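Asks: One structure, as structure tokens, below. Some questions next.
Nothing in this text is a laboratory measurement; each read-out follows from the coordinates by a stated rule. Quick reminder, even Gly has a Cβ in these numbers, built from the backbone with ideal geometry, and neighbours come from all protein chains shown.
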Amino acid sequence: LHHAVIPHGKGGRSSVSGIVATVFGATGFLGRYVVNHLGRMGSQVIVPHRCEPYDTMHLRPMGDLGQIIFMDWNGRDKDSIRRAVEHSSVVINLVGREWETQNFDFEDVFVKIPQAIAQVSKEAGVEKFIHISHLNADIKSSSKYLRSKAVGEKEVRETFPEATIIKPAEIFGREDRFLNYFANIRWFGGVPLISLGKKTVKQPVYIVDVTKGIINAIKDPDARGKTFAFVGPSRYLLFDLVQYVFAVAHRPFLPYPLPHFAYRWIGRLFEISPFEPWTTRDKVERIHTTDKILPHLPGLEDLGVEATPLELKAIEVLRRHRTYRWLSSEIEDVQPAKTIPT
Amino acid sequence: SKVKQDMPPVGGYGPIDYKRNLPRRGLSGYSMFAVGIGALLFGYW
Amino acid sequence: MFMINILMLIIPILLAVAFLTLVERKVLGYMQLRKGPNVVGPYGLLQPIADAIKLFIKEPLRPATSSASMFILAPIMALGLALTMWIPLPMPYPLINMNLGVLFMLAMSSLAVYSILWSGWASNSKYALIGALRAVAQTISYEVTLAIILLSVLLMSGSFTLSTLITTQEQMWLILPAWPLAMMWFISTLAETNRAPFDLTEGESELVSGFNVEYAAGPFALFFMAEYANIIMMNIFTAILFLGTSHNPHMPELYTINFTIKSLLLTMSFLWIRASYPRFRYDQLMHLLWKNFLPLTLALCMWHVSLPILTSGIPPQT
Amino acid sequence: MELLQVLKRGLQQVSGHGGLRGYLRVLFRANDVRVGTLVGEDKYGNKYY
Amino acid sequence: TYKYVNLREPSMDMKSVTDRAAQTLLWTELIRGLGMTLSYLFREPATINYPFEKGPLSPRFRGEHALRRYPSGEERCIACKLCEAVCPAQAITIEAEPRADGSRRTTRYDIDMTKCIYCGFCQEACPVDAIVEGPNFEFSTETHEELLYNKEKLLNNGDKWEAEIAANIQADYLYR
Amino acid sequence: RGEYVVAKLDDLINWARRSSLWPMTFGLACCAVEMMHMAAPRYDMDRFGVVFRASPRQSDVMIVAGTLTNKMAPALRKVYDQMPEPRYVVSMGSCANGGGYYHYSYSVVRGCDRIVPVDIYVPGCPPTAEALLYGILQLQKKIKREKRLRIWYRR
Ligand SMILES: NC(=O)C1=CN([C@@H]2O[C@H](COP(=O)(O)OP(=O)(O)OC[C@H]3O[C@@H](n4cnc5c(N)ncnc54)[C@H](OP(=O)(O)O)[C@@H]3O)[C@@H](O)[C@H]2O)C=CC1
Ligand code: SF4
Ligand code: SF4
Ligand code: SF4
């Protein structure tokens, strides 16, 4: 934090925030909001990308001249990771996938890449490390996604002890895979649900809430070495959450129960797609997994962020799924879902 | 030396046309209709 | 062997449409002191391939306000009917030899307007709607006149069979006895194909892109493909009507060569006319075909019903 | 007959470009098969006509 | 003096009326327009084969900036800041100090090529022909940062285009 | 190898896109006059396969030729968002690059890159019609280097 890393300005795009951040996986859902918030205050952002430069274009307006720097990196190349972090004061790890490719398994992107980044960051002298785990991560889950998340969350602690590990619940937003996933089930007629969605409880959180918590953790000096659980203000049943989704979108809602084994066989069929699968056996498990209640972990309120209710910010996500008949329906037209009081 | 400048030639420049010049063409109205009817009569026959 | 015959019809039509786009871009270029496509392939011979591939790997989007079923049906209807106008064409042997070929093409032409009306209405955009209602106005302008013009030419031929027009014009072209009808037929085909100076349903300078303003990618290509396949088809119809070619049963190839050239030159004239004239107003088009053509078309319909009778030259019924 | 002179000029372009390989190279590299007097060549191989 | 553009009366003699009737019915004046575009089809197009043929320019062309040197190799700029003061767009930023040998030289010479309006005032104001607009007009970039030139970029432009810049000045300095 | 075949398909689609660029008919200020001269006979952008189309939905390129004001900024992003992908933006002139002569104005957006992403910057006030045509040819070579399918294959 020498002379060039002293804050200046009034928090604008042409200010100097003093933050030099390397955001891995910045081309995805949770990464476009983090870069947007960092560049709003005038931060130096390094964005190592694996994909075509055409797919990084939406990130370019997010910063003043020279503030967003793009590098090409490989998850299995330890030298590329070092080039992208050796000048940074904070490293943010957002790498993840909801499916498995021929080249990267769940444990390749949740156990190995997170550990490789953490090790190189410590060897490079990086001061802050922010790792995004999952709320429902544990070694004894039915999902490799969550099983691998728990392992990765442990390797990071052993490599970067001062890391700040954040464990969000399912995140809903515009470019999400949670509310859009449920709405797009309408193509298949009915909405299958394991146990008819009556035995699953979900506590979704808003993307801006997660984005403001990560930014606060960077600036807050007491977030080092502390594990946070970013969850929403209300707990819903999966049946009520999905029913509310179809109510906002004004689409017919025709649920029907489906045995857990049957929903896996269907998921196996969809996994054959050589592109982004519509659904996988892992997503079915994740969707039908009760969100853990971790009272021992600090939450968003401990970083100064007020959790946004789903109702206030669900129409902005689901207005796209309505027909011309129901595009203009107002926010106050759909009664709120039923919550699970403590 | 002598002053050298971008100047017109000693005798000036040649004439430059600017007026509209749309030449008269074609046959007369009588001739065109005469040719038109003659084509029809041959076609009918 | 009939399925092969259909493929030997639709597939060449699409290739003809693809390279008519190149011909138009270069013909207009040279009439505008330019060159046109000469980089993508030698003399721009690969330009149609690039444009086709570009559009079909581009994102197609349905407007949020659109009626999805009508939005997708319309481009299908335009191309499907565009290819259907070709099956009764004698060149010199038709694919589907219809006894009422002339009437079949009229009905199909009228049905193909709804691909414009429904595309514009399904778009749910003001510019798409305005262009669609110009199609209603434009079809009200020529449809009545275009039918009587055909009727006057069939009173010298004998029937509605298109193959019979080859027999009618065996001694002489029909453009000599009916050049007044040929003039009003030619300008009526420009209106029917939505071509300049009657390109009002699209009207780039007035309506951005008209009825197909919301269409993009592949769906836009079908409207483009149908429009150009209609220019060639209508110019083939004009050649058969007024520039009939002599048919030798033992050398049918010689017919196609002469018949093909007459259609190209009539097709070039469409490109020639687009580069020479401004655009009508869609209310002036109606007055053109109702106050000038229609009075003369009715007079020439009376004349061509009386002329065979008063000269004992009524054509055979069969 | 200058109509024949047009064809000979078109054929001289084939011979003026060093054969058929050269004629096609310039056609597909520059979309232009004209032949002009050579003015010079720079150290990078660029030729000026 | 003036003249009427559309004050005319058509002759009403029968031959003239019939000539207009033929024009209305036979579309004579619409076929002249066809004849005019037909002639253009047979005229040689005016299209040059870019990038192999380039449109003509003149020595006064105002293109990409460059910082020049003397024949000795010494920089011509002596940090007078006249170009900075006259720049209409405030595209020039200069800082100077005594050099190790005592000379008056700039430690900063930045031109924001996205503020510049390529007007030529800076080269008109320079007393020692240090800053010039060269003949280069092909320097498009893929990023906004590549157009914020500093003294190192501008000196390289001078060392790059000197063979051409010095000749263009030679052909025009007697008009300045 | 399978990465060789995708590379050839990647070349094919890349060729189809840079050979059929259709700019949106979108001009703002003096820089649009030099955009017309590119379509004029001398340069004839149409011979490269570049054709203007008025509808944003039938366009592949947005050439921001002229000054961008705060009143016009919402409209520019709207017609950009409505272009189907893939879409490219070419910033023409100093006004659209960094505000140009009006950088310090209360009603001028300091660079169109604050509103939309930009692929090629053409400097000049105005750039010559031969400088814009150079910029479009640089865009084509930038599309030739895209390897979408060789990156999908390696996922
Ligand atoms: N429902 C949710 O969104 C939840 C998110 N999380 C976690 O937050 C992080 C981001 O989530 P989200 O944005 O929604 O998912 P996205 O798919 O939208 O983002 C994934 C990012 O990681 C990159 N990535 C994936 N695999 C690799 C790989 N082998 N090598 C390099 N980069 C790779 C991607 O690069 P590219 O796109 O260029 O291929 C992309 O930038 C993840 O760690 C996720 O587990 C945890 C709780 C809830
Ligand atoms: S050319 Fe004009 S605007 Fe550009 S740097 Fe020189 S004085 Fe400033
Ligand atoms: S006017 Fe010339 S000498 Fe003065 S500061 Fe500018 S470049 Fe240097
Ligand atoms: S950059 Fe120059 S030519 Fe372009 S709009 Fe601005 S002042 Fe006008």
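Asks: Among the candidates F:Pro74, F:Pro56, which residue alone is more than 23 Å from F:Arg17 (Cα to Cα) and away from ligand 4 (no atom under 14 Å from the Cβ)?
Replies: Just a single option satisfies the conditions, and that option is F:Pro74.
Asks: If you don't mind, another one. If the requirement is being away from every other protein chain (no Cβ under 14 Å), in a loop (DSSP other than H, G, I, E, B) and either among the hydroxyl-bearing types (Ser, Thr, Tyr) or in contact with a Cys (Cβ under 9 Å, 6 or more places away or on another chain) (or both), which of these qualifies: A:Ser80, A:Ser88?
Replies: Just a single option satisfies the conditions, and that option is A:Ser88.
Asks: Also, I was wondering about something else. As an exercise: evaluate A:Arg97 against (1) within 14 Å of another protein chain (Cβ to nearest Cβ); (2) not in a loop (DSSP other than H, G, I, E, B) and give the number of the one condition it does not meet.
Replies: So the condition that A:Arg97 fails would be (2).
Asks: Any idea which residue in segment E:36-52 is nearest to C:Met183 (Cα to Cα), counting only those that are surrounded by fewer than 11 Cβ atoms within 10 Å (Cβ to Cβ) and not hydrophobic (A, V, I, L, M, F, W, C)?
Replies: Checking each candidate, the answer is E:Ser39.
Asks: Within segment E:137-154, identify whether any single residue is within 12 Å of ligand 3 (Cβ to nearest atom) and surrounded by fewer than 19 Cβ atoms within 10 Å (Cβ to Cβ), and answer yes or no.
Replies: no
Residue-by-condition table, conditions (1) surrounded by 18 or more Cβ atoms within 10 Å (Cβ to Cβ); (2) not β-branched (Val, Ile, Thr):
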{"residue": "F:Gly49", "(1), (2)": "yes, yes"}
{"residue": "F:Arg57", "(1), (2)": "yes, yes"}
{"residue": "F:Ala75", "(1), (2)": "no, yes"}
{"residue": "F:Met83", "(1), (2)": "yes, yes"}
{"residue": "F:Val90", "(1), (2)": "yes, no"}
{"residue": "F:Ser94", "(1), (2)": "yes, yes"}
{"residue": "F:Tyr106", "(1), (2)": "no, yes"}
{"residue": "F:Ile115", "(1), (2)": "yes, no"}
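Asks: Only one of these is over 23 Å from A:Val35 (Cβ atoms), crowded, with 19+ Cβ neighbours inside 10 Å and either among the β-branched types (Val, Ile, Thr) or away from ligand 2 (no atom under 16 Å from the Cβ) (or both): A:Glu153, A:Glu123, A:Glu170. Name it.
Replies: From the options A:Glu153, A:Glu123, A:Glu170, the qualifying one is A:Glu153.
Residue by residue, here is whether (1) more than 30 Å from F:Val108 (Cα to Cα); (2) within 16 Å of ligand 4 (Cβ to nearest atom); (3) more than 10 Å from every other protein chain (Cβ to nearest Cβ) holds:
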position	(1), (2), (3)
E:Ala66	no, no, yes
E:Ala89	no, yes, no
E:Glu97	yes, no, yes
E:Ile117	no, yes, no
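Asks: Taking the condition over 19 Å from the mean Cα position of the chain (by Cα), under 21 Å from A:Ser148 (Cα atoms) and assigned to a helix (DSSP H, G or I), does A:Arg264 pass?
Replies: Numbers: over 19 Å from the mean Cα position of the chain (by Cα): yes; under 21 Å from A:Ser148 (Cα atoms): yes; assigned to a helix (DSSP H, G or I): yes.
When the stated conditions are applied, A:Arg264 passes them.
Asks: Of the numbered conditions (1) surrounded by fewer than 21 Cβ atoms within 10 Å (Cβ to Cβ); (2) within 21 Å of C:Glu214 (Cα to Cα); (3) facing chain C (nearest Cβ under 9 Å), F:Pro41 fails exactly one; give the number of that condition.
Replies: Exception for F:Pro41: condition (2).
Asks: Would you please list the contacts, defined by Cβ atoms under 8 Å and residues six or more apart or on different chains, that run from a residue in segment F:100-120 that is more than 14 Å from chain A (Cβ to nearest Cβ) to a residue that is buried (at least 21 other Cβ atoms within 10 Å of the Cβ) and outside any loop (DSSP other than H, G, I, E, B)?
Replies: Listed pairs, sorted by first residue: F:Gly100/F:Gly93; F:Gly100/F:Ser94; F:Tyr101/F:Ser94; F:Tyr101/F:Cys95; F:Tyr102/F:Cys95; F:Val108/F:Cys95.
Asks: Of all residues in segment C:253-268, which are within 13 Å of the chain's Cα centre (by Cα) and hydroxyl-bearing (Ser, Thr, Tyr)?
Replies: C:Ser263, C:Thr267
Asks: Check segment F:6-23 and report whether any residue there is within 16 Å of ligand 1 (Cβ to nearest atom), closer than 25 Å to C:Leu61 by Cα and in a loop (DSSP other than H, G, I, E, B). Before the answer, list the steps.
Replies: As a first pass, look at segment F:6-23 and keep what is within 16 Å of ligand 1 (Cβ to nearest atom): none.
Among the residues of segment F:6-23, not one is within 16 Å of ligand 1 (Cβ to nearest atom), closer than 25 Å to C:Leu61 by Cα and in a loop (DSSP other than H, G, I, E, B), which makes the answer no.
Asks: Show the residue pairs meeting these rules: Cβ distance below 8 Å; 6+ apart or different chains; first residue within segment A:42-61 and touching a residue at least 12 places away in the same chain (Cβ under 8 Å) and closer than 15 Å to A:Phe24 by Cβ; second residue of a type in the set (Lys, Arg) and away from ligand 3 (no atom under 16 Å from the Cβ).
Replies: A:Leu59/A:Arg32
Asks: Of (1) in contact with an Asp or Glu (Cβ under 9 Å, 6 or more places away or on another chain); (2) within 26 Å of A:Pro168 (Cα to Cα); (3) part of a helix (DSSP H, G or I), A:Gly31 satisfies all except one. Which?
Replies: (1)
Asks: Considering only residues that are polar (S, T, N, Q) and assigned to a loop (DSSP other than H, G, I, E, B), which ones fall in segment E:3-58? If you could, list the steps in order and put the result at the bottom.
Replies: Residues of segment E:3-58 that are polar (S, T, N, Q), as a first pass: E:6, E:11, E:16, E:18, E:23-24, E:28, E:37, E:39, E:47, E:49, E:58.
The answer is E:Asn6, E:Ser11, E:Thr47, E:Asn49, E:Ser58.
Asks: Can you pull out every residue in segment E:58-98 that is more than 10 Å from ligand 3 (Cβ to nearest atom) and among the β-branched types (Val, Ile, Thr)?
Replies: Across segment E:58-98, the qualifying residue is only E:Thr93.
Asks: Sticking with this one: Within segment A:71-87, take every residue that is within 28 Å of A:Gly18 (Cβ to Cβ) and without any contact (Cβ under 8 Å) to a residue 24 or more places away in the chain and give me the one that is surrounded by the most Cβ atoms within 10 Å (Cβ to Cβ).
Replies: Filtering segment A:71-87 for residues that are within 28 Å of A:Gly18 (Cβ to Cβ) and without any contact (Cβ under 8 Å) to a residue 24 or more places away in the chain, the one surrounded by the most Cβ atoms within 10 Å (Cβ to Cβ) comes out as A:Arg83.
Asks: Same structure, new question: Considering F:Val108, F:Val79, which residue is out of contact with any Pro (no Cβ under 8 Å at 6 or more places or on another chain) and more than 16 Å from ligand 3 (Cβ to nearest atom)?
Replies: Checking each option against the conditions leaves just F:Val108.
Asks: Could you say whether any residue in segment E:99-111 is closer than 27 Å to E:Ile169 by Cα, within 12 Å of chain F (Cβ to nearest Cβ), buried (at least 22 other Cβ atoms within 10 Å of the Cβ) and within 16 Å of ligand 4 (Cβ to nearest atom)?
Replies: Within segment E:99-111, one or more residues are closer than 27 Å to E:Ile169 by Cα, within 12 Å of chain F (Cβ to nearest Cβ), buried (at least 22 other Cβ atoms within 10 Å of the Cβ) and within 16 Å of ligand 4 (Cβ to nearest atom).
Asks: Counting just the residues of segment A:43-72 that are outside any strand (DSSP E or B) and in contact with a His (Cβ under 8 Å, 6 or more places away or on another chain), which one comes out nearest to F:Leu149 (Cα to Cα)?
Replies: Going through the qualifying residues, I end up with A:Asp55.
Asks: Looking at segment A:222-248, I want the residues that are touching a residue at least 24 places away in the same chain (Cβ under 8 Å) and more than 30 Å from A:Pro161 (Cβ to Cβ) and have a partner that is aromatic (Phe, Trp, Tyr) and assigned to a loop (DSSP other than H, G, I, E, B) with Cβ atoms under 8 Å, at least 6 apart or on another chain. Which pairs are those?
Replies: A:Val242/A:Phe253; A:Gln243/A:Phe253; A:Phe246/A:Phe253; A:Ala247/A:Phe253
Asks: Something else now. Just to be sure I understand, how many residues within segment E:111-126 are over 12 Å from E:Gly63 (Cβ atoms), of a type outside the set (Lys, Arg) and in contact with a helix residue (DSSP H, G or I) (Cβ under 7 Å, 6 or more places away or on another chain)?
Replies: The qualifying residues number 8.
Asks: Further question: Condition first: assigned to a loop (DSSP other than H, G, I, E, B), touching a residue at least 12 places away in the same chain (Cβ under 8 Å) and more than 25 Å from D:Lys47 (Cβ to Cβ). Now tell me which residues in segment E:60-71 satisfy that.
Replies: Kept after step one, since they are assigned to a loop (DSSP other than H, G, I, E, B), are these residues of segment E:60-71: E:60-64, E:68, E:70-71.
Now drop any that are not touching a residue at least 12 places away in the same chain (Cβ under 8 Å), which leaves E:60-64, E:68.
E:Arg60, E:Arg62, E:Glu64, E:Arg68 - these are the residues of segment E:60-71 that are assigned to a loop (DSSP other than H, G, I, E, B), touching a residue at least 12 places away in the same chain (Cβ under 8 Å) and more than 25 Å from D:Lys47 (Cβ to Cβ).
Asks: Residue check: is E:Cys83 in contact with a helix residue (DSSP H, G or I) (Cβ under 9 Å, 6 or more places away or on another chain), within 11 Å of ligand 2 (Cβ to nearest atom) and either over 30 Å from F:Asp119 (Cα atoms) or assigned to a helix (DSSP H, G or I) (or both)?
Replies: So E:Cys83 fits the description; yes.
Asks: Then there's this: Among the listed residues A:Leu237, A:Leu179, A:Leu196, which satisfies the condition of being closer than 22 Å to A:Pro259 by Cβ and touching a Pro at 6+ places or on another chain (Cβ under 9 Å)?
Replies: Criteria check complete, one pass: A:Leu196.
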